[PDB]
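S.K.:
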Amino acid sequence: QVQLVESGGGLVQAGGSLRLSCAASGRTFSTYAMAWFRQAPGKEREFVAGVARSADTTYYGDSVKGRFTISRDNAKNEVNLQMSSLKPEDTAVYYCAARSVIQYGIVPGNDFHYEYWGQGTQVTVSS
Amino acid sequence: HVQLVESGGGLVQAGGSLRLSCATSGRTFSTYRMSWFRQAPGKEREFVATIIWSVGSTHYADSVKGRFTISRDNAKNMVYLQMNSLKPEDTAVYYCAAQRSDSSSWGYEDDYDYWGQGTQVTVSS
Amino acid sequence: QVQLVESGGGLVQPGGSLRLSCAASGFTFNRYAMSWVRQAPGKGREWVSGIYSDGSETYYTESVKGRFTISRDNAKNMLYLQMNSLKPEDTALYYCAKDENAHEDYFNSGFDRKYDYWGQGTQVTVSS
Amino acid sequence: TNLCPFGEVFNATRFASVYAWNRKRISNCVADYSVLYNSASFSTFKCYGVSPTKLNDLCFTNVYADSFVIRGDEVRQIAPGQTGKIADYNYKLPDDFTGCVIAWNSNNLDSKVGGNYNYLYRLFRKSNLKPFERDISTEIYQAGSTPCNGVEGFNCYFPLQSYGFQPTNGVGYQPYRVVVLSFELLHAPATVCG
Amino acid sequence: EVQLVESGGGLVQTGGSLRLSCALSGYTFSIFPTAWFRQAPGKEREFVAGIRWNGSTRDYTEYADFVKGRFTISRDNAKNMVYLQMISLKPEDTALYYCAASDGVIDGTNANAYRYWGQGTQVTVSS
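Chains as they are written, first to last, in the entry's author numbering: chain D, 1 to 127; chain B, 1 to 125; chain C, 1 to 128; chain R, 333 to 526; chain A, 1 to 127.
(1) Taking only three categories from DSSP, how would you classify residue 73 of chain B?
(2) Please identify the residue among B:51, B:65, B:110, B:113 whose C-alpha is closest to the C-alpha of residue 78 of chain B.
(3) Residue 21 of chain D by DSSP, collapsed to three states: which one?
(4) Name, please, each residue of chain D whose Cβ falls closer than 7 Å to the Cβ of residue 389 of chain R.
(5) I want to see whether chain D comes within less than 8 Å of residue 412 of chain R, judged by CB atoms only; does it?
(6) Let's test the definition: count the other Cβ atoms within 10 Å of the Cβ of residue 108 of chain A and tell me whether it reaches 16, buried, or not, exposed.
(7) Report back the beta-carbon spacing between residue 128 of chain C and residue 3 of chain C to the nearest angstrom; my notes put them in contact at under 8 Å.
(8) On the three-pair Cβ rule with 8 Å, is the region 3-17 of chain A touching the region 459-473 of chain R?
(9) So, with DSSP's three-state summary, where would you put residue 472 of chain R?
(10) Can you say whether residue 90 of chain C is buried or exposed, counting buried as having 16 or more other CB atoms within 10 angstroms of its CB?
(11) Under the rule that 16 or more other beta-carbon atoms within 10 Å means buried, what is residue 5 of chain B, buried or exposed?
(12) Taking CB distances under 8 Å as the criterion, tell me whether residue 95 of chain C reaches chain R.
(13) Please name the residues in the region 105-120 of chain A whose beta-carbon is closer than 9 Å to at least one beta-carbon of chain E, in chain order.
(14) Return the residues of the region 37-65 of chain B that lie within a Cβ-Cβ distance of less than 9 Å from chain R, sorted by chain order.
(15) So for residue 418 of chain R, helix, strand or coil by DSSP?
(16) Specify, as a first and last residue, the run of the beta strand (DSSP E) that residue 50 of chain C falls within.
(17) Compare the beta carbon distance of residue 59 of chain C and residue 71 of chain C with 8 Å and say whether it is the shorter of the two.
(18) State buried or exposed for residue 66 of chain A, treating a residue as buried only when at least 16 other CB atoms are found within 10 Å of its CB.
(19) To the nearest whole angstrom, what separates the beta carbons of residue 48 of chain A and residue 94 of chain A, a pair I think is in contact under 8 Å?
(20) Measure how close the beta-carbons of residue 94 of chain D and residue 121 of chain D come, nearest whole angstrom, since I'm counting them as under 8 Å.
(21) Does the beta-carbon distance from residue 525 of chain R to residue 394 of chain R come in below 8 Å?
(22) What's the C-alpha gap between residue 351 of chain R and residue 453 of chain R?
(23) Hey, residue 50 of chain D and residue 387 of chain R: beta-carbon distance below 8 Å or not?
(24) Less than 6 Å between C-beta atoms, sequence neighbours within five positions excluded: which residues of the same chain meet that for residue 339 of chain R?
(25) Helix, strand or coil, according to DSSP, for residue 119 of chain D in the structure here?
(26) Please identify, using Cβ separations under 7 Å, the residues of the region 57-90 of chain A that lie next to chain R, in order along the chain.
(27) Output, in chain order, the set of chain C residues within a Cβ distance shorter than 8 Å of residue 396 of chain R.
(28) Using a beta-carbon distance cut-off of less than 7 Å, what residues from the region 75-103 of chain D approach chain R?
(29) How should residue 119 of chain B be labelled, buried or exposed, when 16 other C-beta atoms within 10 angstroms of its C-beta is the threshold for buried?
(30) Could you list the residues in the region 460-491 of chain R with a C-beta less than 9 Å from some C-beta on chain A, going in chain order?
(31) Spatial neighbours of residue 83 of chain C within its chain, please: CB distance less than 6 Å, with the 5 preceding and 5 following residues excluded, ordered by chain position.
(32) If you measure from the beta carbon of residue 455 of chain R to each beta carbon in chain A, is any gap under 8 Å?
(33) Using only the alpha-carbon positions, how far apart do residue 56 of chain B and residue 87 of chain D sit?
(34) Does the beta-carbon of residue 104 of chain C have 16 or more other beta-carbons within 10 angstroms, so that it is buried, or is it exposed?
(35) Give a yes or no on contact between the region 506-522 of chain R and the region 429-443 of chain R, applying the rule of three or more CB pairs nearer than 8 Å.
(36) Where residue 37 of chain A and residue 384 of chain R are concerned, what is the direct C-alpha to C-alpha distance, given to the nearest angstrom?
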């Protein structure tokens with residue numbers, strides 16, 4: 001299995017900037033595609049962003065397209081979500097999830113129902 | 001379309017070495033099971049060899065088992081038959097056949113989807 | 001029994017705005033991609049617009065493309081067609097049509113939409 | 333993404349006529365081969381590229397099944413670039429095809445031992461379908477060398493022909509069920525599977 | 001191969017009656033129309049008559065413009081043969097009469113589209 005730890009988050013202004021860092025330990029991180037999801041106490045898991053296992057194609061949700069930046073650093077074994085242009089409705093627990101390639105395999109044009117979920121980090125956009 | 005083009009073959013002395021080359025122009029060639037078949041004039045196309053890409057299992061005709069080697073390269077969209085120490089019986093028109101896979105079973109040579117144009121191989125005793 | 005009841009329509013000048021509504025009963029609205037069709041007086045049926053089962057995507061005919069909007073509310077089992085910048089040729093009896101099969105796809109291009117259920121329809125007329 | 337209703341299509345009680353082949357779509361669910369493998373009596377499989385059965389858990393954006401019924405031999409014609417009858421006026425798939433087609437024989441799933449005549453097929457419409465298309469409906473084919481007016485007139489046919497209702501002459505004339513699992517990948521949000 | 005055998009014809013007095021029997025073998029009439037053509041000195045193979053079995057309850061008859069309301073065309077499946085009944089003969093009717101079936105079903109009135117040609121039968125009208 002893999003252990004995913006989220007760092008960052010907290011209280012930020014509306015229109016401010018934060019960076020959520022998901023660090024993976026265990027099996028090889030570089031061989032998995034990764035994504036960020038949000039879940040607020042009033043909404044169910046929605047797809048925020050996704051970076052393929054090769055880090056050559058990025059997918060964004062309709063609500064955050066062109067506003068959030070998802071990147072991968074294999075050397076640092078990390079996935080970074082730069083959140084900017086925030087609004088109060090963005091408040092949620094953000095989870096980083098990794099899609100297993102050893103067990104089921106993937107090919108990124110658009111895939112992934114991530115089977116491993118991190119602890120989650122609280123993000124509160126208050127103006 | 002699925003096009004299988006032959007190369008190699010021809011005249012060879014009995015006991016020599018040959019490489020039969022079949023290049024495949026299809027859609028996602030990497031997911032096909034490969035077979036090499038032969039036809040001798042006045043006979044139906046018969047089994048020579050096959051490889052199942054899903055499990056990496058290769059079967060050879062008992063007459064050519066341990067001397068022939070059938071291989072497939074997905075990167076080059078290619079299939080090779082290396083024939084070592086050919087026998088007079090090997091003289092025939094050799095076709096490369098690609099059958100579809102990703103099924104409940106893996107031994108589909110009875111579905112007969114498509115096969116190549118064929119190449120003449122003649123082994124002189 | 002499946003019921004498709006239409007509301008709206010009437011006489012309007014070209015360039016105006018109308019909102020045609022269709023309420024569906026007797027079947028699960030959200031499981032079927034829905035269509036709007038118009039039957040002009042003295043002409044065959046013409047497909048206006050189509051919306052997937054969940055409303056994720058919408059498609060329009062060239063004669064109404066870019067100015068007509070098809071939308072749906074699955075919770076209320078309601079289908080809406082917002083018509084704007086109309087031409088007089090849009091005069092017809094408008095039906096909201098249910099699809100034969102279900103689950104989010106019966107049209108990508110061309111095709112012939114076999115509609116298993118039609119409504120009573122509403123008259124829409126565009127004349128100066 | 334839980335297990336799909338993917339198994340319901342194959343274990344269904346109704347199959348539309350080939351000229352009215354059903355284009356169903358499935359999304360937001362994982363389609364495993366464990367959903368339907370307990371009744372594996374499938375006569376023929378074909379796949380171009382990775383398939384849900386090759387990779388037990390595998391996700392796709394747009395997965396659509398083309399379901400219909402056709403007699404045995406013409407099952408051979410369900411493949412890119414094929415021509416003749418069924419491949420020209422009832423169904424067509426792109427020459428650059430990356431998907432799967434599954435055919436399984438049945439003679440009692442249509443609720444008759446002599447087959448059904450309710451599954452029709454069209455022969456000749458002038459011009460052949462190119463990739464996914466449908467234009468077949470109950471109508472009278474007009475002219476072809478000499479004009480006519482309705483019915484089966486001078487050099488005019490009825491486009492739809494009916495399959496037999498008498499006992500079948502073997503698997504070649506039995507009503508094979510065919511499901512084309514043509515799927516595609518495109519830039520989209522994740523957690524959509526098929 | 002599909003074999004067509006023509007019987008009848010011969011020399012018949014002007015103003016008489018005649019019956020031509022074309023036996024078809026190698027296939028059974030299901031949807032295939034059968035066309036009677038005539039080749040005359042200085043004339044190509046042109047439409048004379050045609051019969052098509054709709055396959056539900058009824059048979060459809062095609063009579064050329066200059067032979068309409070004067071000739072009859074019928075068929076029997078049990079003996080897979082086609083009858084052409086001819087009355088009020090005229091001298092110009094003399095010709096080689098062929099019965100033809102199409103390789104498929106394309107066209108009902110087209111000489112070149114019919115790729116099966118029988119051995120024909122000579123028919124002469126003179127007293």
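Where a beta carbon is used, it is the ideal one built from N, C-alpha and C, also for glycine.
M.R.: Reading off the structure:
(1) strand
(2) B:51
(3) strand
(4) What residue 389 of chain R touches in chain D: 104.
(5) Chain D contact via Cβ: absent.
(6) buried
(7) Contact doesn't hold; Cβ gap of about 35 Å is too wide.
(8) no
(9) coil
(10) buried
(11) exposed
(12) no
(13) Annotation note: the requested chain E is absent from the structure, which comprises protein chains D, B, C, R and A.
(14) 54
(15) Helix at residue 418 of chain R.
(16) 45-51
(17) no
(18) exposed
(19) About 13 Å separates the beta carbons of residue 48 of chain A and residue 94 of chain A, which is beyond the 8 Å limit, so they are not a contact pair.
(20) 5 Å
(21) no
(22) One C-alpha to the other measures close to 6 Å.
(23) no
(24) 367, 368
(25) coil
(26) 60, 62
(27) 105
(28) none
(29) Looking at its Cβ environment, which holds 16 or more other Cβ atoms inside 10 Å, residue 119 of chain B is buried.
(30) Cβ contacts with chain A come from 476, 477, 478, 483, 484, 485, 486, 487, 488, 489, 490.
(31) 18, 68
(32) yes
(33) 54 Å
(34) buried
(35) yes
(36) 58 Å
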